[PDB]
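In what follows, a single structure is set out as structure tokens and then discussed.
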Amino acid sequence: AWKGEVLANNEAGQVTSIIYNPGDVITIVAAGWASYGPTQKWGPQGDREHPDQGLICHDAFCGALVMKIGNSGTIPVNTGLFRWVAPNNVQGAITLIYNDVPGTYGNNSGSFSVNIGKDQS
Ligand SMILES: *C(=O)c1ccc(O[C@@H]2O[C@H](CO)[C@H](O)[C@H](O)[C@H]2O)cc1
Ligand SMILES: [Ca+2]
């Protein structure tokens, strides 16, 4: 399993040790407070009131936790995933990323502590 932090200001994303393979079932639990600029802090679900103006993931609110599996598109993680299975032809290292607009990560603060584990299958 993997346990670590994902800094909101980390545009490249946090690479984990989790290699998602075909047929894998995974569980992710994320917690913490982070910001995409404002003094206020939000959770892994981001800011439900903030409009999407170029986010790396259009399927989640700004300030939410997302991930990539291999060289796939951004996938919503939010508070986490319970016994989750990836789409077909999706595989590779899991990279956790703070959902924000490309090139704006500079003024982000906080982070998310995240737990990733593979489930029995
Ligand atoms: C509108 O209510 C509003 C717009 C922007 C904002 O902060 C910026 O949000 C950007 C993402 O949309 C980007 O992350 C900037 O760096 C932030 O300063 C708050 C509220
Ligand atoms: Ca920002």
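Side chains are part of it too, since the values below use all heavy atoms of this structure and drop only hydrogens, waters and symmetry mates. All residue numbers refer to positions in the sequence shown, counting from 1. Counting starts at 1 for both ligands and their atoms, following the listed order.
Looking at ligand 1, you won't find any N or O of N108 less than 3.5 Å from one of its N or O atoms.
Expressed to the nearest 10°, the angle at the Ca ion (ligand 2) joining O in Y36 with OD1 in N107 is 90°. With the Ca ion (ligand 2) as the vertex, O of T104 and OD1 of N108 span 90° to the nearest 10°.
Because the distance cut-off is set at 3.0 Å, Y105 fails to qualify as a neighbour of the Ca ion (ligand 2), as none of its N, O or S atoms comes that close. At a cut-off of 3.0 Å, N9 is not counted among the residues with an N, O or S atom near the Ca ion (ligand 2).
Among protein heavy atoms, the minimum distance from atom 17 (C) of ligand 1 is reached at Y36 O, 3.3 Å. Here the heavy atom of the protein found nearest to atom 6 (C) of ligand 1 is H50 CE1, 3.4 Å. From the protein, the heavy atom lying nearest to atom 13 (C) of ligand 1 is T104 OG1, 3.6 Å.
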Handout entry: Evaluation steps, side-chain contact (heavy atoms from CB on, under 4.5 Å), between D24 and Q91
Key = CA-CA 9 Å; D24 281 348; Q91 56 183 355; over 6 Å; no

Practice task
Go through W2 and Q14 one step at a time and tell me if the side-chain contact (heavy atoms from CB on, under 4.5 Å) criterion holds.
Solution key: CA-CA 12 Å; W2 181 86; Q14 179 60 52; 4.0 Å; yes

Practice task
Apply the test side-chain contact (heavy atoms from CB on, under 4.5 Å) to residues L55 and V101: give CA-CA distance (whole Å), side-chain angles for both, the deciding distance (0.1 Å), then the verdict.
Solution key: CA-CA 4 Å; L55 301 172; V101 174; 3.9 Å; yes

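When each of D100, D47, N108 is paired with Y36, the side-chain hydrogen bond (donor to acceptor under 3.5 Å, both in side chains) condition holds for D47 and for no other.
For atom 2 (O) of ligand 1, the nearest protein heavy atom lies 4.0 Å away or farther.
Interface of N107 with ligand 1, defined as ligand atoms under 4.0 Å from a residue heavy atom, comprises 16 (O), 18 (O). Each of the atoms 11 (C), 13 (C), 14 (O) of ligand 1 lies under 4.0 Å from some heavy atom of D100.
When the Ca ion (ligand 2) is compared with the N/O/S atoms of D100, atom OD2 turns out nearest.
In this structure the side chain of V114 never reaches within 4.5 angstrom of the side chain of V77, judged on heavy atoms. Taking 4.5 Å as the limit, every side-chain heavy atom of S72 sits out of range of all side-chain heavy atoms of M67. No side-chain heavy atom of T74 sits less than 4.5 Å from a side-chain heavy atom of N99.
Of the possible polar contacts, none joining the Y98 side chain to the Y105 backbone as a donor-acceptor pair under 3.5 Å is found.
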